[PDB]
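# Structural overview
The chain contents come next:
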Amino acid sequence: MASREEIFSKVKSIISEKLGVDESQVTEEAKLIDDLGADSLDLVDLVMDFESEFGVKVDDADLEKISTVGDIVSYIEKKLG
């Protein structure tokens with residue numbers, strides 16, 4: 001079943017494994033590009049990984065609305081319903 005823990009944990013799994021960074025750098029208010037150093041290319045791959053992982057499609061506009069991990073987490077929780 002859907003759960004916030006599932007979102008955050010899975011989200012960290014993609015970002016952490018591809019960047020080699022611990023969730024300490026990951027924050028609901030931390031920016032993936034500034035706080036972690038993941039540029040637009042990095043961001044596309046990370047969100048994409050969630051796109052297939054959660055079996056959901058994302059809006060290019062949603063990407064613009066998503067900057068921090070908080071947005072990533074909140075996005076999946078609401079997008080799935």
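Residues numbered from 1 in each chain as written, not as in the entry; some residues may be left out. Heavy atoms only, no water.

Structure determination for this entry is recorded as solution NMR.

## Some details on the packing of helix α1 (residues 4-19) against helix α2 (residues 40-53)
As a reminder, the rule being used: Axes here refer to lines fitted to C-alpha atoms; in helices the fit is confined to the stretch in contact. Angles between the N-to-C directions go from 0 to 180 degrees. Under the DSSP-based scheme used, a helix requires at least four consecutive residues in state H or I and a strand at least two consecutive residues in state E, with every element numbered from the N terminus. Note that the term roughly parallel is reserved for angles under 35 degrees, roughly antiparallel for angles over 145, roughly perpendicular for angles of 65 to 115, and oblique for everything else. Here is the rule for handedness: rotate from the far helix to the near one, and if that takes an anticlockwise turn smaller than a right angle the crossing is left-handed, while a clockwise turn gives right-handed. What makes two residues a contact is simply this: any of their non-hydrogen atoms within 4.5 Å.
Remark: α1 packs on α2, axes separated minimally by 10 Å, with the N-to-C direction vectors making an angle of 140°. As far as their axial angle goes, α2 and α1 are oblique. Seen along the crossing, α1 lies across α2 with a hand that is right-handed. Across the interface between the two elements, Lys10, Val11, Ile14, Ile15, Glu17 and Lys18 from α1 touch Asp45, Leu46, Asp49 and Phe50 from α2.

## Things to note about the pattern of salt bridges
Here is the rule: A carboxyl oxygen of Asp or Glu within 4 Å of a side-chain nitrogen of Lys or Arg is what we treat as a salt bridge.
Counted by the stated rule, this structure contains twelve salt bridges. Between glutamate 28 and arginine 4 there is a salt bridge; the shortest N-O distance is 2.9 Å. Taken together, the residues span a long stretch of sequence, with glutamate 28 in the loop between α1 and α2 and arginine 4 in helix α1 at a distance of 24 residues. Between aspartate 62 and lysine 65 there is a salt bridge; the shortest N-O distance is 2.6 Å.

## Quick look at α1
In plain terms, the rule: One fewer than the residue count of a helix, multiplied by 1.5 Å, yields its expected span. For each residue, the accessible area found with a 1.4 Å probe, counting protein chains only, is set against the maximum for its type, and the residue is called buried under 20%, exposed over 50%, and partly exposed in between.
Counted at 1.5 Å a residue, the expected span for α1 with its 16 residues is 22 Å, and the 22 Å between its end C-alpha atoms agrees. Three or more residues of α1 are buried, namely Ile7, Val11, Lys12, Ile14, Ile15 and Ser16. Buried residues belonging to α1 abut α2 and α4 (69-79). Trailing α1 by a residue or two, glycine 20 shows a phi angle of about 70°, which is positive.

## Let's talk about the UniProt feature "domain: Carrier" in the protein chain
Spelled out, the test is: UniProt positions are given in the numbering used here, feature names are shortened, and annotations may be inferred rather than shown by experiment.
Summarizing the sequence annotation, UniProt attributes the feature "domain: Carrier" to residues 5-80 in the numbering used throughout. For the annotated span residues 5-80, helix accounts for 61% and strand for 0% of the residues, and the straight-line distance between the end C-alpha atoms is 14 Å.

## Thoughts on the side chain of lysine 12
Convention followed: The term polar contact refers here to a pair of N or O atoms within 3.5 Å; inside protein, the definition further demands a hydrogen-donor-capable atom paired with an acceptor-capable atom, and it admits residues adjacent in sequence only when both atoms are side-chain atoms.
When you line up the elements, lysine 12 lands in helix α1. In this structure the side chain of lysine 12 is engaged in a polar contact, spanning 3.4 Å, whose partner is the side chain of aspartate 22. Residue contacts for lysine 12: discarding those within four places in its chain leaves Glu17, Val21, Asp22 and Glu23.

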